[PDB]
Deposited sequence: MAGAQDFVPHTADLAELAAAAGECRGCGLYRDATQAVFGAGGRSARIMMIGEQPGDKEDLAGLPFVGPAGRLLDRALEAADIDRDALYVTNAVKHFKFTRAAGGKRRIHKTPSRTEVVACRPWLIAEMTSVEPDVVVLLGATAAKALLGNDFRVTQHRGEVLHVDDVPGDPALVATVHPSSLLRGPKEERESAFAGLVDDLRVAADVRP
């Protein structure tokens, strides 16, 4: 059942976010600082879902505030999308992490499929609350959360997908993947992210 017993019967995002702070649906609440719920309002037509809060998000209490978020902001601006009009969240609400010796940050670790399924009732509550017209799935974990554990983001770029989810679905690269690598490859990947955001914004 995972998080289900912890989700209150409400669509108020402030009430949902407070309840997520008390969630024990998987083990991730133990070491994380706090739950990081989605940000934005229930009028949003576009919802965007990443993997999990990272190091910066875990302490800010807000999603996509670190380097990946700054790259995402650049892509949203190039796509003529106002971040303030979106509802932005993550498939898992507590940061899963470790530290390396001499390291500069806490390093995120990939949620297991078990943790994703455990936390998914929060995503369902968010989608019920917001009623988005389109959901942008940023990266493998988020895409698989709605499209199945076998789903390959790399094989469905640019496609409007739909499964029977309380919207059109658009699965794209995670912004963190665009931070590193040879410059020409990063630039081609950035253009593809802008394209996918534009596909989402053009739905209906």
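- By the record, the deposited chain contains unmodelled runs at 1, 166, 169-170, 209, with no C-alpha atoms placed there.
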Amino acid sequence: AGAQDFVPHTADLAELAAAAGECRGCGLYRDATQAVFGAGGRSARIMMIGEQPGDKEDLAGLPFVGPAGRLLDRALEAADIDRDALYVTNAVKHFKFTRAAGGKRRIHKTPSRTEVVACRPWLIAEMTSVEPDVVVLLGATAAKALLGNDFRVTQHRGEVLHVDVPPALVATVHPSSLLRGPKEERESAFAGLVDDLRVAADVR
From here on, numbers count along this sequence of modelled residues.
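- Annotation for 102-110 versus 73-81: the higher mean temperature factor (C-alpha) is found in 102-110.
- A summary of the deposited B-factors shows that, of 43-51 and 175-183, the stretch with the larger mean C-alpha value is 175-183.
- The PDB entry assigns its highest CA temperature factor, among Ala60, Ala142, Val160, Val165, to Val165.
- In the deposited entry, the Cα temperature factor of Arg30 places it in the highest third of its chain's modelled residues.
- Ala11: CA B factor lies in the highest third for its chain, per the PDB record.
- Ranked against the other modelled residues of its chain, the C-alpha B-factor of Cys23 as given in the entry falls in the middle third.
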